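Next up is one chain by itself, shown in structure tokens, the form deposited without the partner chain.
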């Protein structure tokens, strides 16, 4: 259960192998690369047949037991690949997994892939069973801050030269979507056998495809990055995200700012964060947001938000996206005239 990174996975496999491998993450690209590497190493060691399966509450629990019993003392080298439940592991899955740990042989290998396990699930019986029999590798998608380092390292792997301008363009056009970015680098290498890529070259063969979440949109509004806020909304609209989800996510943060701003007049702001259990990393954005915004702007934002909610619920209007764009610009400190607000 030694947490590592996919880059170190190849070195770890070369040094030696184990009965089980448990890699958790939410990045499809990293999971596929790790799965291929493990499969390649297993094939080299002499494995001839491999198995794939999925684990979830919908899957029959007795079926998992039969798969565990399928292992035999005298059998060829086999590999079994499993997938964690979409929602997450539960007590029954723990019983099935710990049963598998008892039924382990060198011939059979255990591979499970899925989302990161919550701290509550860390203390599960099955996890403790494979404390030493398995290794752990995180496969979380790098954030925008850490993205450029990953791109440069990946480019160096394919012996390609990327300028600073080219690196920024790739991150901007493929933020949160590594699979497209990985293939984008491959296509550029085919186009230019020289191996050196500049700003004019990359721009020709780069399209727009990125994945965002409502939390990113809220974060942009607090910081004040108007360009990102509009860009995120456009991507979310193209994807087909439900407007109601965006309203609720913004509601909790907006209401918190109103409460903090109103009651911070006569008390230090540090105490307010402590009693509201505000995350440490977010203290910086909250503090600057309150100073930039004013009470009048907050009231207008609440009024605009309320009208948008009413229109969606009863009027069934399709202009909800237009209202969101107006609200985003309002929170970016740039003045917005009336008539658009409060109807």
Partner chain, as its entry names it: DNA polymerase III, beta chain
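Residue numbers count along the first chain shown, from 1.
The protein also exists as the form solved in complex with the partner chain; that form is not presented, and the subsequent description refers to it.
With the partner omitted here, the residue from 66, 54, 294, 26 that has a non-hydrogen atom within 4.5 angstroms of the partner chain in the deposited bound form is 66. The listed set 71, 222, 117, 135 contains one residue whose heavy atoms approach the partner chain in the deposited bound form to within 4.5 Å, identified as 71.
Under a 4.5 angstroms non-hydrogen atom cutoff, the partner chain in the deposited bound form has residue 105 among its neighbouring residues. Proximity of residue 288 to the partner chain in the deposited bound form falls outside the 4.5 Å heavy atom cutoff. Although the partner is absent from this view, residue 76 contacts the partner chain in the deposited bound form, with a non-hydrogen atom inside 4.5 angstroms.
Using a 4.5 Å cutoff between non-hydrogen atoms, residue 264 does not count as a contact of the partner chain in the deposited bound form. The stretch that touches the partner chain in the deposited bound form, counting heavy atoms within 4.5 Å, is 97-105, out of 97-105, 117-125, 213-221, 142-150.
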